[PDB]
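Protein chains in written order, with PDB author numbering: chain R, 1 to 117, 125 to 242; chain S, 3 to 233; chain X, 1 to 195; chain Q, 1 to 240; chain T, 2 to 244; chain O, 1 to 250; chain Z, 1 to 111; chain P, 1 to 244; chain U, 2 to 242. Idealized CB from N, CA, C, for every residue including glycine. Below is one structure; the comments refer to it alone.
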Amino acid sequence: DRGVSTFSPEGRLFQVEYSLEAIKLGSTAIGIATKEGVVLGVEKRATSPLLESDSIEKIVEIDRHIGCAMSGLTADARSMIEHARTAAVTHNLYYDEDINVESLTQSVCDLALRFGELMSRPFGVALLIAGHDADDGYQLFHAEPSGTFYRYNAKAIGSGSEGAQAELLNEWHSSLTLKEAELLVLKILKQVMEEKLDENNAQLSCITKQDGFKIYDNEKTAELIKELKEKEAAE
Amino acid sequence: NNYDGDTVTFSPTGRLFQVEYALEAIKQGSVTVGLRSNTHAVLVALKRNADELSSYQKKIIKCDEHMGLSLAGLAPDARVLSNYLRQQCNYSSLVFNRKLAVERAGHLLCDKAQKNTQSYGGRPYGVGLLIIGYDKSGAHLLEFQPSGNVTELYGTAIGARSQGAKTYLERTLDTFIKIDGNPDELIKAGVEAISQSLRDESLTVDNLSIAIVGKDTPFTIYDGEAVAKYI
Amino acid sequence: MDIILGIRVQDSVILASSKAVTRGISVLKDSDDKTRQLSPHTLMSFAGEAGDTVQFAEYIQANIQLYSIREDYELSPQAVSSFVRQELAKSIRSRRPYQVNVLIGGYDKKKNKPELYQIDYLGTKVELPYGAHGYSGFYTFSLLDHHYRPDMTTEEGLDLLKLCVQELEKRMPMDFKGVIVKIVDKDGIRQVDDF
Amino acid sequence: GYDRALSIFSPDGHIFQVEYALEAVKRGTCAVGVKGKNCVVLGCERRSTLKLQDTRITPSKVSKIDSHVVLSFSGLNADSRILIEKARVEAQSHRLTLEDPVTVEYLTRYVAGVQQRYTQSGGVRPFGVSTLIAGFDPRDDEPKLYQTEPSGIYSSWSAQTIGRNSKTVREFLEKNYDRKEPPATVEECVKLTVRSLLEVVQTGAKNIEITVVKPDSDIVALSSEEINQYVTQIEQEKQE
Amino acid sequence: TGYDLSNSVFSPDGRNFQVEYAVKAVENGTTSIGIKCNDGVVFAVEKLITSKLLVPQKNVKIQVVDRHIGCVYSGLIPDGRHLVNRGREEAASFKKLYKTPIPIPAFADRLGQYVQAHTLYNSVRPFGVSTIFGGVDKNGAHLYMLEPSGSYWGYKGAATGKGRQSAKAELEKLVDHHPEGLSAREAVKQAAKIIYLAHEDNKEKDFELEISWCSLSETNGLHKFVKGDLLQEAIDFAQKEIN
Amino acid sequence: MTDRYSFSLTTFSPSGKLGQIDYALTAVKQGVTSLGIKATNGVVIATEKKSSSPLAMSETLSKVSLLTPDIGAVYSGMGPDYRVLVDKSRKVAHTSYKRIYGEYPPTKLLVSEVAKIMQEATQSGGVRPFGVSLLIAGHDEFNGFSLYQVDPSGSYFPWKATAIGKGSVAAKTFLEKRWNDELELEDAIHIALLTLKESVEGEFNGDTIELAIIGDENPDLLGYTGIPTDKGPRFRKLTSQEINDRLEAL
Amino acid sequence: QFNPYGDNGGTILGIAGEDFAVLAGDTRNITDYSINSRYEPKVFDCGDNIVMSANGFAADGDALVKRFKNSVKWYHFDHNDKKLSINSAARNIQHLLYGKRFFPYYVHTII
Amino acid sequence: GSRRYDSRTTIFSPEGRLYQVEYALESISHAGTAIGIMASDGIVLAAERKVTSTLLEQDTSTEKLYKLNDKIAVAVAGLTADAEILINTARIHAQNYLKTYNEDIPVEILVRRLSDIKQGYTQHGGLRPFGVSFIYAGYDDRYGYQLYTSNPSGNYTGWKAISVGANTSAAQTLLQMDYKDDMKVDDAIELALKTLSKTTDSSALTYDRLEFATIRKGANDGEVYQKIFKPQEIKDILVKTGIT
Amino acid sequence: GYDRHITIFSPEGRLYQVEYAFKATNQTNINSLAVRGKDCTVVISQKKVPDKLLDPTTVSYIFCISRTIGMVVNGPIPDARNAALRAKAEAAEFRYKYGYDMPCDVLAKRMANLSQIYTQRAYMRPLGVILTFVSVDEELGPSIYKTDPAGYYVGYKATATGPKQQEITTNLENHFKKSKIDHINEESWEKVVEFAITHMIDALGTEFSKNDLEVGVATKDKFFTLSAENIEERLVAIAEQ
Ligand SMILES: [Cl-]
């Protein structure tokens, strides 16, 4: 056939480029960083009404100061999350401190290109890694299967991403409050989702310095959806 | 064509297509410039952003107190190679109480890259590096290509539109080599060189990345408002 | 761990095991159960070096429970004892052997017979009417040689066991803090709570 | 060792070996899982191409992983044994180190992790198997039903089916299963499970197997005659 | 067809096409030569000045093995470096065990067997270099040239790279016109001339001459680079002959 | 410098054929004719010494090989593959049997071990099957005299008489007519020489024919005296002179 | 028998003030009743405003200080030139020391 | 590199089948028919040899029926050499179980182990599967008499009567027609030979062509006896049942 | 058609890679010959130094494997030296382990078994060489044993290898048909070398100078190669009768 680690004539790894196509097929995940916190939101996308939607775990805790949202082949993320959690806890053991969000992201991304003929193929999942540390404050990173990571003020990944990213382009400013960011994620999710947005097919989360990483209750998200509808009807 | 499936296969004209495709990834990468005098050596790098919400990808990596590089191409491969350089620099210090010569660092990168071009299963590194350093024989600038070819130079540039900066340096050769004991003027010449490779975009405060090493100057990177002086 | 006794009567096996756990100077506990249920009709008591005893017992337990799920079937007491013996016989030529002696009391549901096996840390297996490990047997075997009959009831087996425990309490130097007694029969395993 | 990357991405972002493993699951006999208020029932199809079978000794489709959790499957039978063995070992290992039996979610997550590992390991193909894992957590009376698949994704289901013509029985369950009021009793839950299989099975009672799992390690497999009574009552009500 | 797609596959001719394709990479490289003289050997190489930004005298191509052997090569420069690194390991283990420095014929076979090994399997690529090497041992001077196939012979004069035909013709005149032999200092001058004459094949870019030598009288049998006045004397001699 | 062939080179084709085994059998078919005949008091194995050049010393090339003192082998197909199998067969007779039980293996078990080696070349990674069929004749105390054929697949069958290679179809028909269960060893040798003459083109004498027997114990060939139980090898290779003697009574 | 340990003597002293700290050590290095050196520095600046001394067997002391200095260097590389806090340094030194739990660095360490 | 020559023996087709398993089954369909029939008081194993020659030494020959222990036997259909690799593994597995538990291995446990080995060759390693189908005939004190089959996929199932190898479709119809649950060994012997006699590709079924065996709990004093029939005994049972 | 790239069977039962390795044998275009005397074994081979820049002393296809064994190769030099080094290693290891010098025929067998492995194992290619081993063995006397890429080997009374082997072979065949003996009935090796050269001249139809030939001689307890001057003496004697 052809090598797994083969370069194309344009200078790209075939497998990495093909894994990026799998991520486009994934459900939408959106992150928005502010000075009051970082908000992470996801489309759940239950394949059937009999599937108990609360078991869809696409937002995940890495440490108390670092959260993570995923899009693509979500089964591939479990070993990445495991490594992240171990890296966070191991660094605390060796240094008696929280680990920097960038350092954690860099550790996850070191796994990415460990594939060949090590694992047999790249990961088919992109991660939004959101967190807080004392050095660089509130941060949002986009970790790909290329091994590259970009910091973002806001970022969307998954099937609605280019549409969502254009919307995040207009809407994001440096003075966003946490409450504003929550509504903004819900707004853009509702735009790019196929099914109508509610508390059962979408999930919110955030990371603040005081309270750490928290996945929002369905009752709490339901109130923010009702608050969104009223403020859009308001003009 | 038929001879580009893997790195282990020569073409009928004696070419290694996988290596040449890796070389192509560098040309797609963002521009970076290297240049030196007798006292100092400077790296100037145009960082690239994904969009307006994103950060600008870091181009410059420190290897030791007296050495570091700038990258163009696959950033994860630069991380692997820079880490290898960090270890070799560190091994020289711990075992021999000796700072690693910049020429010898180039030789080590060449040999590491070469092994990936001759063996099956592996791939070539998809990145080009500009290594600057100050050692016991003064300032140095190296250009690393992932074919294995490392080249000591007075100045150079790699990445997209790098031929504009490279021509400028070729004209300015006799001027900038004489900028001794003046770091700001050497950086100016590097910032003016990298400007020849720009189209549409210009050098903003979070776009530009500069590094410097010299006689009584450790390898230090300048980003953000530290480079506003040179815009 | 100090005293473990076993006695096979007509229709059951009775295992008595001391309650004391002593670490050097102090008696740390006086209610320790030195036994594991391997299957519904097979019980293993154990005594030997600290740590090794429980680690071995639980390791055997896990393997017998795994066999039970895989085959949906309980291994015979004979089969369990042969498994245990092999593990100990493998152990003795290891880098660090398990220093554990065991009694395996079981009711074979196929043959409708109680069975008592005595295995030491070397992997020396013997089927017996009554058994003991360590210094217990020095005092108790002469009693059991005198009083034992194969057709005894469970209540007679327990009375004979009281006489063993009284003799041990009279003549042994160490205070072993009494015994927990367990009966293995056709209905399974139960603990005699007053002894 | 044989290191060859068999599970790899294609230009459209699909891992064909994982998708072809799902086609093996589509070929497999139908399996269904329905959870009531205080029970879970696992129904399974037995294809009647094979008569002269010895039903005493033939591998049963529902397997106990521990005394409180069961696993049924659709797909390659030989592949399922490997997952069942690994799960049974992990169930005992969990009891040994945590001093507590596995939760149904934990056991599912483990089996799903194994399935995932085979989609990005060199030299191996994915399991041609999807599982339904059902039971009750220790000291808990809430029913649990999970599904896994070759890719390694897993999720919880009020009711679910897998295997051949699972599209049809999922159609049935989607209209007949009410979440606000699930099958209150064991009878109602078994009835709904038999009814759902009767859409596809197209034969009497030899082709249906039923296993009821209740709280506190109370698992029982129904016999032919017990199932045949449900089949009789369903069709007599249907004639109207 | 398809016999040229994999290394170590015999074509119906009995040829290994991948080795022959490696030779094309060698033929594409810059010119390098070797001259055997009375009591030693001289190595020289053409270094193409791609740009004015190249630092003069810094990008050294000729490599020393042990203290008494010089190596120069044409083709893929990293492949040459990999081969010299191996040569250094072979020369080190030989000295470690047998005390004496490795003889040149012995050293030649060590490289020869290693290069030949890379034509035995499809999991490796042949070397993209022809290597000219040699030095002074207990039996006197020896010059060798080693091809991608693992083939090597002893030489009076050797040449490889893009200007090899030009160089070979010039070497053949020296052999005919000096049967009694050539002195070490003569060979340095002639080496400079031959590289300058061979530069007509790479005439687009200007170049930098680099020479080294081992000689029993002139260097005590150790490998040294030709530097300063002796290098300039050879460049002047070469510049005079082309005009 | 890696062995990357960790996958089978012999695989099932859509029709259910194992191609490489069939092709190995085709190589055996091109090979020179060899045969085996079992008598009541012995076994004979025979083949043509097809000399590649008249300058070559065909005595040095042994197509008929001793495996144990009571077991011998002959082949048809590729000679180099046979030579290495004889080396492995001789060694396995010691390692997996004589060093354990203190006696040589019986014919059927040694055959089984050879068969196993050939089977493994049919399934292991990065190898082709052996391109030979063996005929193994031998004797042991509890089974008596026996003759086995071993194919590239690893399959083996016991024979009363058979032939393999070039003219095997014609030779097997010839043996069917002549074989009976009351043959003496000399009768079997006579039949072996008659059968082999049909497949041979050129010269037919003791120098171009190789022939060995598994027969009586040869205490003269033992090399030592003083142990009553060791009575000497049953395997004996007939000399060039011994063959020519029997060709006069032909 | 070869004894891998020795005793190079010396004494060290750390005192923590309100907004400062001192680490003192004598400069004598000895074996048995011989003086090796009258001035052999024992207390080292390790960077990041941390000072360290590993008194006892001088070979193990030097090895440890060397390794900790290197640990500071790699902390900078791996965590974006972040300053190693004294509490983090201390925990890192625990792992260096315990790493050789069954062939110890024969030293009393103070930072 | 080597990748070029790799058949990839352990992959799914687009339809979700294992190519090599399917082709191995095609191989097995050409092999000589083997039949197993389970009765209340014993099991019969009957099998047809493939290579009729007059010169084949039949009394010392074994291509079809092998002994695994004293309680369990197999009938082979496919590559004999492949089967012998697996048989020796199965023989060892039985003795390992006996050494560990001091009890004879239950039939299903031995069958599962072999079937698991076969499965492994279809999922990992890059090697071709074993081109073998087994009929396992055995007895243990849990389930009594048992018949199983395994095939190259590593799937196994239990049977009252079953065929493998050639003409199994025809053979399984004939068994399904004449089998009954209350049947006895002597009746099963007759059924097995009648089925082979009708499904055989040969002109007539003779003793020199057959391997035959019975497992009976009709040994002295309630033990189990494995009988591998000698050539003369196969000839006698052919005359008794009225086939020759 | 990958059955022609690696060493697996074609449908005809052929190994094409082995057959193409045999063709690589004649790539040098050199003919070799070996004959046996009473006390000696002589091997001669053509020597062609086409380039004037070559050091003719280093151009050789005859190798001293051990003191007693010599080896001439027909094929490319890299494969020739691969085979030479291995044979030297094997001969030395044999002496160490078993306490006597490796016989010529045993070495030939060992090298042939190694060659057989390359025809069966896919990852290793065959060497494109024919190895002709010569000695005066202490048990068997004058000995010639030849190995090829198939892993075949056999002893010889005399032999020839190369593009024009058939012409040399038939010339030797015809001489031994006359004499009716397995060897050259001659006391001194000098005259056996003269025979070898004469019968190659007759067979190939070409005259030789001292630099066109290369000669190896095996005697009891040593194998040695002749210098150009030793060959010149041989050529003078041939011309003078
Ligand atoms: Cl050998």
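Ordered along the chain, which non-local residues of its own chain (more than five positions away) have a Cβ less than 6 angstroms from that of residue i?
i, result
"residue 2 of chain R", "none"
"residue 174 of chain O", "195"
For residue i, which residues in chain U fall below 8 angstroms Cβ to Cβ?
i, result
"residue 172 of chain T", "54"
For residue i, which residues in chain P fall below 7 angstroms Cβ to Cβ?
i, result
"residue 11 of chain O", "7, 9, 20, 128"
Along chain U, in chain order, which residues have C-beta atoms closer than 9 angstroms to that of residue i?
i, result
"residue 159 of chain T", "54"
"residue 74 of chain T", "Going along chain U, no residue has its Cβ under 9 angstroms from residue 74 of chain T, so there is no contact; the nearest lies around 17 angstroms."
So, with DSSP's three-state summary, where would you put residue i?
i, result
"residue 29 of chain T", "helix"
"residue 189 of chain Q", "helix"
"residue 184 of chain S", "coil"
"residue 92 of chain S", "helix"
"residue 49 of chain R", "coil"
"residue 34 of chain X", "coil"
Please list, in chain order, the chain Q residues whose beta carbon lies closer than 8 angstroms to that of residue i.
i, result
"residue 155 of chain P", "76, 77, 78"
How would you list, in chain order, the residues of chain Z whose beta-carbon sits under 9 angstroms from the beta-carbon of residue i?
i, result
"residue 25 of chain S", "In chain order: nothing, as chain Z lies at least about 28 angstroms away."
Excluding sequence positions up to five away, which residues of its chain have a Cβ less than 8 angstroms from the Cβ of residue i?
i, result
"residue 206 of chain Q", "46, 48, 224"
Using a C-beta to C-beta distance shorter than 7 angstroms, which residues of chain O count as neighbours of residue i?
i, result
"residue 80 of chain P", "155"
List the residues of chain O that residue i touches, going by C-beta distances under 9 angstroms, in chain order.
i, result
"residue 2 of chain Q", "6, 7, 125"
Contacting positions in the region 103-129 of chain T - beta carbon closer than 9 angstroms to chain O: Listed by position, the residues of the region 103-129 of chain T near chain O (Cβ gap below 9 angstroms) are 118, 119, 121, 122, 123, 124, 125.
Short of 8 angstroms Cβ to Cβ, which residues in the region 7-26 of chain T face chain P? For the region 7-26 of chain T, the residues whose beta carbon sits under 8 angstroms from a beta carbon of chain P are, in order, 7.
Give the residues from the region 1-23 of chain R that approach chain Q closer than 7 angstroms (Cβ to any Cβ), ordered along the chain. Under the 7 angstroms Cβ criterion, the region 1-23 of chain R contributes 4, 15, 18, 19, 21, 22.
If the cut-off is 7 angstroms on Cβ atoms, which residues from the region 10-31 of chain O count as contacting chain P, listed in chain order? Against chain P - using a Cβ distance shorter than 7 angstroms - the residues of the region 10-31 of chain O are 10, 11, 12, 13, 14, 15, 16.
Using a Cβ-Cβ cutoff of 7 angstroms, what residues of the region 68-101 of chain R are near chain Z? List them in chain order. Residues passing the 7 angstroms Cβ filter: 94, 95, 96, 97, 100.
Which of the residues in the region 34-65 of chain Q, read from start to end, lie with their CB under 9 angstroms from any CB of chain P? Interface annotation for the region 34-65 of chain Q against chain P: 50, 51, 52, 53, 54, 55, 56, 57, 58, 59, criterion Cβ-Cβ distance under 9 angstroms.
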